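Okay, here we've got a single chain as structure tokens, the form deposited in one PDB entry, with questions on binding and movement later.
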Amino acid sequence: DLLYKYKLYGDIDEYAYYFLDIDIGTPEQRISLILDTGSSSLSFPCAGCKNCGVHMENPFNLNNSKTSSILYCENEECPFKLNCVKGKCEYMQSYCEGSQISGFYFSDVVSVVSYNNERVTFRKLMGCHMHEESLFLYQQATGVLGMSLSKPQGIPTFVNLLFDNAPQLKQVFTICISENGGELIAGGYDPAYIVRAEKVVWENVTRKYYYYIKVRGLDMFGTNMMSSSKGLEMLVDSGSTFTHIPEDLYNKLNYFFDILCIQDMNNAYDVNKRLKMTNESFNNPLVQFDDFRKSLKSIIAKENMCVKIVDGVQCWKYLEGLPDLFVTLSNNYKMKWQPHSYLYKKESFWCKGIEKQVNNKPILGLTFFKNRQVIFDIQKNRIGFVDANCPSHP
């Protein structure tokens, strides 16, 4: 099938997000945007902003675009149930990280060009930032590109507009995140990228307009750490640096990642203390004890030493020896989550990128996308996963 391919840039340790370039307006102004399957808006600062940080590109200049239209209110009223303030339809977006971006809406021409020179254009309603706070003030990306789906009487989103204006493509997009940059694919997924070929693992979405799936358990050394009787409904969110899970599952995983974190390999006491542990030593016993020792001995043998950074986040010198995690999907299929995904590159170490959820919002984030193709099958309401050799940029 026809696949249009766009370059993604970024990383987990320094940017904390991945981003792409799109052209906005006539003549085009190149604007870099965080790729976020967890939000619906497309927005960035606009010239004349007074409460905005400095980003890779200068604020979008509405006066230089022959095709921009500020969405002024008619009869002090606004389409899409938006609110009128000071003559313009107000843009206002809060994120779970705590950030609140605000300003006003405008429309202009959006232009998306693959690196094979294939181009989709359309008009989009977009937000001008007149106020930024929190991480937005200090990030390098100029704005955010929400990748979620349009609602019945809501603002048509980028993804829906993109496919409405490229009927030559199948309604599927794929995100291929590597350690540095990656690729966005419109039209399907690339089987050439699959490792070896392994089979795509499919899961049904659980809400009509957002990307959620049900995770029925999470195993380490054959042992389910998830306490949830029913499932967890998890957002599949490329705009979330880390994966976020309940505190109890977090503390169990951390209990064994600590055992596997040895800060000084020449302390024979500490190494011997660990190698002496039995199934009975643990707070929580394991069903695959033999696999735990296989991992522990591999770490000791290769001298894969560990340092703890801010908050007891373990960082190993090698991927070698760390265990696989296994995510139980609704199939009862147990999907492999390897160290080259859930660890992320920070300088010369590999650091764990798994955090406590907040607000009761579990999230599958960038450390779950990494070194995978994540396949958003819009027409069939499913999301697919397969291990992949994702492009890198730079």
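What we label the rigid core is the largest C-alpha set whose atoms superpose within 1.5 Å from one form to the other. Numbers follow the displayed sequence, beginning with 1.
What follows is about the form deposited in another entry, which we do not show.
For the residue set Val85, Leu319, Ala301, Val287, core-aligned C-alpha shifts between the shown form and the other one reach 2 angstroms or more at a single site, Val287. Here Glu76 counts as shifted, since its C-alpha moves by at least 2 Å between the shown form and the other one after the core is aligned.
Once the rigid core is overlaid between the shown form and the other one, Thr278 counts among the residues whose Cα shifts by 2 Å or more.
Between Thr278 and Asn254, the C-alpha separation shrinks by 3 Å or more in that other deposited form, relative to the conformation displayed. Between this form and the other one, the CA-CA gap for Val85 and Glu76 widens by 3 Å or more, being larger in that other deposited form.
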